[PDB]
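Beneath this line is the structure, given in C-alpha cells, with notes to follow.
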Amino acid sequence: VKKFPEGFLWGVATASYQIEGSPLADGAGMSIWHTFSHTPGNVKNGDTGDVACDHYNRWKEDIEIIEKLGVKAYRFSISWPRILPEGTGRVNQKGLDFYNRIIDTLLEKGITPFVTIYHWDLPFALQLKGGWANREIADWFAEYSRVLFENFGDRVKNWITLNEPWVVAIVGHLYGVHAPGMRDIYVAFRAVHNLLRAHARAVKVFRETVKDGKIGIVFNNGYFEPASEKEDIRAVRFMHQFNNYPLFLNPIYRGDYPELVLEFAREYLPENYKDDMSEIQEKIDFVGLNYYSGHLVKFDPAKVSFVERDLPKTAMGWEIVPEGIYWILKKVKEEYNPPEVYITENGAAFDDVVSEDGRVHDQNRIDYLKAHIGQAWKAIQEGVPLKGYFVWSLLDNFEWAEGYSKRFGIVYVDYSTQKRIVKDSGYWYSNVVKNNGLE
Ligand SMILES: O=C1NC[C@H](CO)[C@@H](O)[C@@H]1O
C-alpha cells in the first residue's frame, strides 16, 4: 500500500487544439496549428484539429466523465485566438463564454481547475508579426493573460503560463516539426528568451489582478543516461540542462542560462540577453514537470545523438523508464528547491482496440501508470514537495504531427461516432484516486 498526502491532487490533463475541434467557431481567429496542419505534408495522414474530439460541443459529457471517475483536478488550456482573434485588441465574448461554462461546471462538480494559458495554439495574426521571435510578444502575452485573469481569476486560482516552452521554441522553430514549422537556430533561441520574458510579464500581471491565486510553468523532461563512462557524461549533462527544466529554471531562480547551454548556444541568443534577466526572476508559486521517457545518449561529432536500447517501448517508440520520474523529481528539489512541484503530465500511447466485450483492455497503460505513480510516491517519502499528479490524457486526441494515430487517453474516442469508452486504465486510475494511492 502506497498512500499519498492528505489533499494530494489527482488529475487528468488536455489541451485546447488537441480536443476541441471547431477552431473557427463563434468568431475565433485562426491559430498557427490550424494553418500548419492545413499545409500538406506537415501532419501524418493530413489530419487536422478541425473536429478532434468535438469537445467544443461535448464538453459537458467529458466533464461528467471526470466527475464519474472521481478525478479531483482538471488541467486544460485556453485557445488564445478564441479569446482575442487578432491576438491583441478585440476580445471575443463567445470565447470567454465557452471557458466560463467549463469553469463553472467544474466548480459545481467540485473539480479543481488548472488553466494553461498557452498550450501551442498561438494566434495566426501574431505569427505574421513574428510570433515568439518578436520581443513584443512579452506585451501581447501580458495583455492576453490580463484578460484571462480579469475574467476568470475570481474562480480559477491555479494558473500555468506556458506548456513545454522548450518544445515551442526548438520543435517549432529549429526542427520545424511543429507550428510554425521553421528551421532557424537563431530564431529558436530568441523564442526561448521571449517565452521567458512573456512568462515573467504574465506573472507580474497576475500579482496585480489575482491577489489570492497561484501561478507556475510546465516543462517537458527526459531521463538521460550516458552510452559509456567516458565526453559521454558531459553530453548527458548537456541534455539535462538544455532539454529539461534548467534551461528555464536557471534564468528564473539564478538569473542566467545553464553553463552548457551558454557554451552551445551563446551565439544564437540576443547579444544583451542578460538585460532581461532581472525581470525574468519574477517569483513563481510552483513548477510543473511533464515526464514520459528515458534516453541513452553519447557524444557524437548538437554534438549528441541517442542510442536505442532493448527496453519496452510505447507506440511512440519511447522507452519506458519509470525511475526517470523519481530522478527528475529529486533533481529539481536538489537543484532549485521549488516550494511546490506537480507532475503535470505523465502517460503513454499504446495501440488500443475495443474488444468484442465492448471494453479497452489496456493493461500496458495500467502497468506504465502504476510504475510511474510508485516512483512519484518514493520522491514524496524522500521529501519532494509534490502536490499533485495529472495523467495525460483524459481522452485520445490530436497528437500534433502524428495526428489521430497516437492514443494517450484513459478514455477511448471512436472518431467515427465521437463515442467515449472508458478504458481499463481509466477504471484503474479512478480506484487509485479514491484510495488516494496504490495497493
Ligand atoms: O503537452 C504535451 N506533451 C506531450 C504529449 C504527448 O506527446 C502531448 O500530447 C501534449 O500536448
Side-chain angles (χ1 to χ4, degrees), residues 1-2 10-15 18-21 44-45 47 49 51-76 105 109 111 292-293 311-320 322 345-376 389-400 402-418 420-433 435-439:
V1 50
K2 298 174 186 186
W10 300 99
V12 292
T14 54
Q18 304 186 256
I19 70 166
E20 284 170 8
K44 198 169 144 185
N45 298 310
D47 287 356
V51 179
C53 305
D54 184 38
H55 178 87
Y56 191 73
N57 293 295
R58 300 175 190 259
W59 61 271
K60 185 141 54 189
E61 11 307 312
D62 292 338
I63 293 169
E64 288 167 350
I65 296 185
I66 300 170
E67 181 179 44
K68 210 219 75 210
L69 253 22
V71 166
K72 306 179 191 200
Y74 177 44
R75 182 174 167 239
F76 68 99
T105 298
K109 267 80 160 63
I111 299 156
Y292 292 89
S293 65
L311 273 8
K313 287 162 165 143
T314 66
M316 302 296 292
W318 296 347
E319 299 165 1
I320 297 168
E345 293 186 24
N346 176 241
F350 291 108
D351 283 326
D352 304 309
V353 285
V354 178
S355 301
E356 288 311 304
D357 62 0
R359 295 174 177 268
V360 186
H361 298 296
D362 62 341
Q363 187 63 42
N364 45 8
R365 189 165 289 100
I366 284 152
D367 289 351
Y368 181 101
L369 266 20
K370 185 164 179 68
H372 290 78
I373 291 164
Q375 292 298 115
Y389 171 95
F390 288 79
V391 170
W392 181 273
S393 184
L394 175 64
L395 301 156
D396 297 335
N397 60 59
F398 174 83
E399 174 53 39
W400 306 116
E402 295 279 337
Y404 297 104
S405 78
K406 301 286 142 55
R407 305 182 170 268
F408 277 89
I410 54 159
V411 176
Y412 189 92
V413 184
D414 184 328
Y415 294 113
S416 76
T417 56
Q418 288 299 342
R420 276 74 161 140
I421 298 162
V422 182
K423 308 182 192 177
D424 287 10
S425 60
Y427 287 130
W428 174 91
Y429 185 57
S430 185
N431 196 34
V432 180
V433 178
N435 295 348
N436 202 33
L438 307 170
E439 60 199 0

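The figures here come from the full heavy-atom set of this structure, side chains too, leaving out hydrogens, waters and symmetry mates. Positions are given from 1 along the sequence.
- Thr105 contributes atom OG1, which lies 10.0 Å from atom CD of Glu67 (distance to the nearest 0.5 angstrom).
- Pairing each heavy atom of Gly70 with each of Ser430, the nearest pair is N-OG, 4.4 Å.
- Aromatic ring pairs are classed by plane angle as parallel below 30°, tilted from 30° to 60° and perpendicular above 60°; the pair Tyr368 and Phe350 is perpendicular.
- A heavy-atom distance below 4.5 Å is not found between the side chains of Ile19 and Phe76.
- A distance of 8.5 Å separates CD of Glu64 from CH2 of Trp59, quoted to the nearest 0.5 Å.
- Atoms CD1 and CD1, from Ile111 and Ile66 in turn, are 5.5 Å apart once rounded to the nearest 0.5 Å.
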request  = Test side chain to side chain contact (heavy atoms under 4.5 Å, CB included) on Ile373 and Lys2 and set out the steps.
outcome  = CA-CA 9 Å; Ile373 291 164; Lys2 298 174 186 186; over 6 Å; no
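- One N or O on the side chain of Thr314 and one on the backbone of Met316 form a donor-acceptor pair closer than 3.5 Å.
- Contact check for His372 versus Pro322: side-chain heavy atoms found under the 4.5 Å cut-off.
- Between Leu369 and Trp428 the shortest heavy-atom distance is CB-CZ3, 3.7 Å.
- Distance CG/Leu395 to CZ/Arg58: 11.5 Å, rounded to 0.5 Å.
- The OG1 atom of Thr14 sits 8.0 Å away from the CD atom of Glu20 when rounded to the nearest 0.5 Å.
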inquiry  = For a side chain to side chain contact (heavy atoms under 4.5 Å, CB included) check, start with the C-alpha distance between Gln363 and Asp424, then their side-chain angles and the critical distance, and finish with the verdict.
reply    = CA-CA 7 Å; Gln363 187 63 42; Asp424 287 10; 5.9 Å; no
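- By the neighbour-count criterion of 12 heavy atoms within 6.0 Å, atom NZ of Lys313 is densely surrounded, having more than that number from other residues, nucleotides or ligands.
- For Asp47 against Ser405, the heavy-atom pair with the smallest separation is OD2-N, 4.4 Å.
- Under the 3.5 Å distance criterion, the side-chain polar atoms of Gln418 are matched with a main-chain donor or acceptor of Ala52.
- Listed here is the closest heavy atom pair of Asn397 and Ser393: ND2-OG, 3.4 Å.
- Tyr292 places a side-chain heavy atom less than 4.5 Å from the side chain of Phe408.
- Between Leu69 and the options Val433, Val12, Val422, a side-chain contact (heavy atoms from CB on, under 4.5 Å) holds for only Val422.
- In this structure, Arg407 and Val413 approach most closely via the heavy-atom pair NH1-O, 2.9 Å.
- Distance check, rounded to the nearest 0.5 Å: NE2 of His361 to CD1 of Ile366 gives 10.0 Å.
- The two residues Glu402 and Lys44 come nearest to each other via the heavy atoms O-CB, 3.8 Å.
- Among the candidates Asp396, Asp414, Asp62, the single residue satisfying the side-chain hydrogen bond (donor to acceptor under 3.5 Å, both in side chains) test with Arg420 is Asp62.
- In this structure, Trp10 and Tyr389 have perpendicular ring planes: the angle between them is above 60°, well past the 30° mark.
- Taking the side chain as every heavy atom from C-beta outward, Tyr74 and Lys109 never approach each other to under 4.5 Å.
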